[PDB]
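Number of protein chains: 4
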Amino acid sequence: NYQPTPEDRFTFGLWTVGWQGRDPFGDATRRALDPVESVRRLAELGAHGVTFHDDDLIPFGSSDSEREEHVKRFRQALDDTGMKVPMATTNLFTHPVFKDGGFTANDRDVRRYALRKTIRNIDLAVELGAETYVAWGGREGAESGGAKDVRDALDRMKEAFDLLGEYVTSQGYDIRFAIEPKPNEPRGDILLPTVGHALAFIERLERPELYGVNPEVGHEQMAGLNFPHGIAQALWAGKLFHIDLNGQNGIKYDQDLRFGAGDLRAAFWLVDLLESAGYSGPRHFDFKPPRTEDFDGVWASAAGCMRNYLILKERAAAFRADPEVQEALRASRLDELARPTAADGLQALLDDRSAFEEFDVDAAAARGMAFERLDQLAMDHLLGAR
Amino acid sequence: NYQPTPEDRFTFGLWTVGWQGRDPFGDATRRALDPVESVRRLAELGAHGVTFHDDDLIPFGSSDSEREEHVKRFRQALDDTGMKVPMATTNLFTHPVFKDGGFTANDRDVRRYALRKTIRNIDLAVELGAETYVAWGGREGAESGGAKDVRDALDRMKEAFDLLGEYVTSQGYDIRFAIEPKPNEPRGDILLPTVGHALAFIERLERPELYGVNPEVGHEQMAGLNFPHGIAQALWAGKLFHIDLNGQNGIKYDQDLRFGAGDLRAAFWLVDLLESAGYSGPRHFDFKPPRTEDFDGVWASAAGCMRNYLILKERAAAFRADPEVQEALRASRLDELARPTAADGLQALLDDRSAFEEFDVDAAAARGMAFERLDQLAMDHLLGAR
Amino acid sequence: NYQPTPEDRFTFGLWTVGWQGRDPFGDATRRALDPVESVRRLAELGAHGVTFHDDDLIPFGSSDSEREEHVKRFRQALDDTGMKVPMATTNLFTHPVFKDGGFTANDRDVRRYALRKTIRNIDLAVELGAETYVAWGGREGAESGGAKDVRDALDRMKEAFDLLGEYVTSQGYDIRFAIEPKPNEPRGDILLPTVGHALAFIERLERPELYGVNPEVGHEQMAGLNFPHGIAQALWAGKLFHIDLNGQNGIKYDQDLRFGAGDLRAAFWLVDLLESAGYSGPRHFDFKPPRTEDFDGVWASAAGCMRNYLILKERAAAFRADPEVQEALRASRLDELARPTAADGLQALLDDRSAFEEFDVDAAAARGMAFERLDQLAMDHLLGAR
Amino acid sequence: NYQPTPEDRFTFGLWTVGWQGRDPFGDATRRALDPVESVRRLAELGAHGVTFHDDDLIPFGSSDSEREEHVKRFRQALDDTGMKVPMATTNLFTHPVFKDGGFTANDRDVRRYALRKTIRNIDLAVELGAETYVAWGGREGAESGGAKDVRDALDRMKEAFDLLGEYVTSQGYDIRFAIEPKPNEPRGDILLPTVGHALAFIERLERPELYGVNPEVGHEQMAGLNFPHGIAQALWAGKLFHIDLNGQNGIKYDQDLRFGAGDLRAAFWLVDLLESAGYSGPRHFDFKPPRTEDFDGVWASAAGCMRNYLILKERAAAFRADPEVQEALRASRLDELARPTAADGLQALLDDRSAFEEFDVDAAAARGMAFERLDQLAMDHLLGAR
Ligand SMILES: [Mg+2]
Ligand SMILES: [Mg+2]
Ligand SMILES: [Mg+2]
Ligand SMILES: [Mg+2]
Ligand SMILES: [Mn+2]
Ligand SMILES: [Mn+2]
Ligand SMILES: [Mn+2]
Ligand SMILES: [Mn+2]
């Protein structure tokens, strides 16, 4: 029942199932996982692929020969399992050198080092077949007002992404970039804090067609925002290149619960939207099995991510296919929302006396929207109570 | 001491000092103010101008002759006082007809009526000399997931703003539009919920140069966002057309406290930024004198808005002029943040062995950023403790 | 399917289905409901009873004869339908006189008036058979720090509740009090903001056995708190006298959505707890049908409150009855949580070398808690996916 | 200017200035500090004393002889500097064995070990002269609903604190306990999440006079609560045994900024209250110098904690001493808030026709509270603008 297959395109970061359970107040509760073992275990669960930061796969400061060894072992596990690598990213946050940022660090020599470390891993991602390269600027930001001039930092952020775009085009690489927003943590405030800020910034890059967003359920919810609404705006702009799925219980620290935990109805409306819109990218889980769990709990949590997606997919499809729901959607005038307000044009609107002079505002005000009956049909569908 | 003059460009909405104190749980505590009396009282306090919704100035459903009478009375008070009207906006939220929105209402005939009501007031704003026309889509949004297809709604929102842009260009009007974001309240979630979402949406309009943002302190803070950071991004994009100043205590209902209340250090960093960047638009207060107050309290609260701006302006100027602060900014490498990361270009960066192969990451990691000493110099300046 | 009967003890406030849809930004969208019509409509839906504020039932400032007329009409509808009145409360928030509070208003004469208005309605509630008298101190609090000395206000709050307790005991009334906490709105901060603060305050009253709490789902969630956890603490103290059920989407204005909307998994864990603990008080809905709805939407929303309770009751019962869940609970040592840590006593614990000197902390640390498999069994049960 | 002396009773935890800068996303940026060096550096800055967890002072798993060595070195530094140790606490959160809690872990043998580890450190704290023993239950809680039966956990929490009270009374120790609440982080929800929940729980302990609260600025603000209001309630109950001072920017991860950062006006109202109430306990800083800082930044941040307290103390004293403020407080009827509502008693209130039958509610409603003029006098005082 609800069993994933690789055609469901479920992917996981190496850092997710491999999180050792170090949090700000506590030591690791689990041993390190060898990436090869994660690939094999995830393949057995029905995953389609894995993702990585450079430093997940190649220990920081590895020699060039150790580096090849690590990559070759990893390549063999991908070949043995059929697993793909659709996304890769750079760790620009763990090492102390990045304590004030990578691309927007105040120290210029750190910024140059951040760019070189990124470019090296873009080459590796292309060689492994990644289509999307994610940037999460977790250290770009500030705890205090005077520490970061945000206009200068946005100049430096645009400089860095423009150079990366020049690099991939000059190499002929078929890879796109996706910015992963997060509003805070580990910095007091992070630059480009939401999907909207990231989309707006992309429009000022030299080659905006190369850049999209990689939104994460829990991150938008850390600002109290509606995640399906943000995703709909990203889809509307043609910029949903990738997505991070997980769970979050409101405005607090980044929990990274398994997908379906946290705000369950928001998960339902997210799956409805992704499936209706024909999103065809990876269904990626950026999640942390809680540090209460041993390795059996890690794999149960990973399996639950995909199970919950597949249950919600079924319930959302049943909802949209239900004749009674389709009648309710017309009762609530969703059909009218999809029609142009004024395809007849400005001048026709200005001369149309039924739009103002003879508009019966009181009759229009009296029409109920029937949204509550519609929402309870959606609840009944989610719960399998019809 | 700290006395405003009209050259400080302080402005107030008629609805601010005129708020009667009706909240969701309580009746009005103050009588209605005649707009003429507000103009005179605000002029005496040192205000530069006032703003209005159509329905603040002309009671909803007024006949064409009553309408002229109301406008003429208002015009006379502006002439008697020297007060300007730099901004106007449309009430598309109070009347029951707008219960599901104006521009993105599901009912098409409401959307057409919303546009006609807006166009009528644009003509009036131009006649009164307004430079900026604000749109706050307070009813555009939803309480439940199925009620609003957000892609269709964004289509309708873009349709509405494109028609308004076609209207002002066809009339030859020298007016620009500013979208005022708000994340929630009165709708469960509002479309374009933050400065970032609004900036991103503007880039998809037919004539993006006509549209900017009118951010409000308290609204970004209702999503827990850093308001000076958002304003810096708006300035960076060239889109800060107008600003709403007030106070808010965190993530809760929209409080609209007087400016300087709420997050006081954020107010300090906001004034520092506006003054450093040479923002030359109106300093507009979108605030509500608490319903505990009588009319003497209303004017004390209005006066406090401008007093707090002028005190913070002095402290921010003293901060930036202090030699010890300028030395601290260099100690924290804000000068280096302003320098290009790689003006030498991509190829030079790729060949620069000091950027990677011979970069001493450990020496760079060991450098403190000296941000705490800088922040305490900013605290001492704010408090007048130096 | 899932049809309520009066033995389910579902109750509604007159102010809930009768909310006209006035919010801070908008006029009423629905006409006023006659209380008699609400009683009849709710009885047809399967409700067990209704609740009221004094001013819902008797218009403010009614003459003594109008007052009797209103009560007699209401009594007749209760007799015609079989509806009960298990709870009543006082409106100490709508009238302008209460703009700074009722029991903790700075003006002494307002505080005395607040007490007299309350006592009058206690007599009426007893005559209608109410077992619980609720106090929601919505105006008790402040927007600014100097306006309210909170120690003096707590003195005044304790004075008011002590007098009410002296009044009911001197009259021989069999009624108890329940304080309904709320953290903010309409005041910037409200006194006794959470279930915990209210429970702590009760312990300083002269006769604490007379006072309990009436927590509301959405109010605890406006502080980001776990509502089932708070209810468990109230049950643990023996103080859950009444409960308000509704929905809320996180930290924002008080939404009062229908129960089951908002945080659906929290609703599941709440129903599990109430049913497991044998809570036998009313299942009261303090909710507002959204102002998008006409009267048919009002009754659909009311019906959905009880439907969602009954669906969640079934799923929680199925969860606890499942042998596989009972095995998982033992796997996660919930049985051990219920056993005393040290029934052998302090001295035995101090001499027990297996508790410290010879405790194998590393073996104990290695035990997984199996919480994720348990939580996914709870998800499968909630969704009907087993 | 604003220089602390040991009579200001400023104290710091060893873990504060000694925080190495490991956060969930990043390695340590600073080396470990020897406790002896912290004591000497803090003494030079004007601190009065230090606090510790057992594991800060004695590395976990130390032999009994290493333990004595560590204590003796520490004792010598206290003797050389005059520094006191007024508070101590237990680390029941770092080691993996505590991943599901100490006192409320599901595993019984962990709970017994938690108690033995605590008792051992109580003996050490008494020997060092500590008056207060703090308990922060950072691991007591849950990420999912089924993992923790909260009634059973509260039984186990009460069992643990009752045993500790029996232990200190049987030994004749003159030490009191203080519970430090926190709503979340590192657990998804923590038990006893606010000052109110902790105060309520204390009233069910066997010997409630032994237990008080140790509230922390940032923790109450992580639930969006008003921290001066919570402290006033703790003072009102006679339970403010200790306090943790720091800064926090709203509802997000626990930032532990230096005191005065975060919500500056809340810091002003906190200092006003502590000084007015004659709080005579330690002014303890539970803060983390940001990981951007080197060791010079650590000591600058520590110094800023005490500087900001002393500046706010001066401004609050000036505020309360100002004749114009004292007149404003009477104008806003704070004098009337301090007077009994009904010292004449219930029967006199019931017969007093001026309290209801002849009360002029409209005249009373018309009185402004003059709270805005009062709040602007407080702003002017805080900023030194008078
Ligand atoms: Mg992510
Ligand atoms: Mg505004
Ligand atoms: Mg309620
Ligand atoms: Mg603390
Ligand atoms: Mn995350
Ligand atoms: Mn606002
Ligand atoms: Mn509510
Ligand atoms: Mn903290």
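Chains as they are written, first to last, in the entry's author numbering: chain A, 2 to 387; chain B, 2 to 387; chain C, 2 to 387; chain D, 2 to 387. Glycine included, every Cβ here is placed at the ideal spot set by N, Cα and C.
Beta-carbon separation (whole angstroms), residue i vs residue j, contact threshold 8 Å
i: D287/D; j: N227/D; result: Contact flag wrong, Cβ pair sits at about 19 Å.
i: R374/C; j: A301/A; result: 4 Å
i: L15/C; j: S39/C; result: 6 Å
Boundaries of the alpha helix (DSSP H) in which residue i is found, first to last residue
i: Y310/C; result: 296-322
i: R368/B; result: Careful: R368/B lies outside any alpha helix (DSSP H) and carries neither H nor E.
i: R42/A; result: 36-46
i: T17/D; result: 15-18
i: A268/B; result: 265-277
i: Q4/D; result: Unbroken run through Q4/D: none, as it is neither H nor E.
Beta-carbon gap between residue i and residue j smaller than 9 Å
i: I252/C; j: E217/C; result: no
i: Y212/B; j: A179/B; result: yes
i: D150/A; j: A339/B; result: yes
i: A89/B; j: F61/B; result: no
i: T133/B; j: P97/C; result: no
i: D110/B; j: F360/A; result: yes
i: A44/B; j: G83/B; result: yes
i: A131/D; j: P194/D; result: no
i: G189/C; j: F269/D; result: no
i: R113/B; j: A356/A; result: yes
i: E181/A; j: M158/A; result: no
i: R321/D; j: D273/D; result: yes
i: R205/D; j: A238/C; result: yes
Host beta strand (DSSP E) of residue i (start-end)
i: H71/D; result: Not the beta strand (DSSP E): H71/D falls in the alpha helix (DSSP H), residues 65-82.
i: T293/B; result: Taken as a continuous stretch (DSSP letters only), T293/B belongs to no beta strand (DSSP E), as it is neither H nor E.
i: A179/C; result: 177-180
i: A89/A; result: 85-90
i: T342/A; result: Premise fails: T342/A is in no beta strand (DSSP E) and is neither H nor E.
Contacts that residue i makes with chain D (C-beta to C-beta distance below 8 Å)
i: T195/A; result: Within chain D, no residue comes near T195/A; the closest Cβ sits about 14 Å away, beyond 8 Å.
7 Å Cβ cut-off: residues of chain D touching residue i
i: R334/C; result: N107, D108
i: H220/A; result: The contacting residues do not exist; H220/A stays about 12 Å from chain D at best.
i: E167/A; result: Those do not exist, as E167/A stays about 29 Å from chain D at its closest Cβ, beyond 7 Å.
Interface residues of chain B facing residue i [CB-CB closer than 8 Å]
i: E294/D; result: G369, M370, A371, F372, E373
Under 8 Å by beta carbon: chain A residues contacting residue i
i: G138/B; result: Near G138/B there are no residues of chain A at all, since even the closest Cβ is about 13 Å away, more than 8 Å.
i: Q256/D; result: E144, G189
i: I252/B; result: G225, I252
Residue i: contacting residues in chain A (beta-carbon distance under 7 Å)
i: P324/B; result: Correct list: empty, because the minimum Cβ distance to chain A is about 15 Å.
i: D153/B; result: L338, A339
Under 9 Å by beta carbon: chain A residues contacting residue i
i: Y310/C; result: The premise fails here: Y310/C is roughly 12 Å from chain A at the closest Cβ pair, so nothing lies under 9 Å.
i: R117/B; result: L350, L351, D353, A356, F357, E358, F360
Amino acids of chain C, ordered along the chain, whose beta-carbon sits closer than 7 Å to that of residue i
i: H96/B; result: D28
Practice task
Just list the beta strand (DSSP E) runs in the region 201-258 of chain A, keeping only unbroken ones of 3 residues or longer that don't cross its boundaries, in chain order.
Solution key: Fully enclosed beta strand (DSSP E) runs of 3 or longer: 212-214.
Segments assigned alpha helix (DSSP H), at least 4 residues, entirely inside the region 94-169 of chain B = Counting only runs of 4 or more, we get 109-128.
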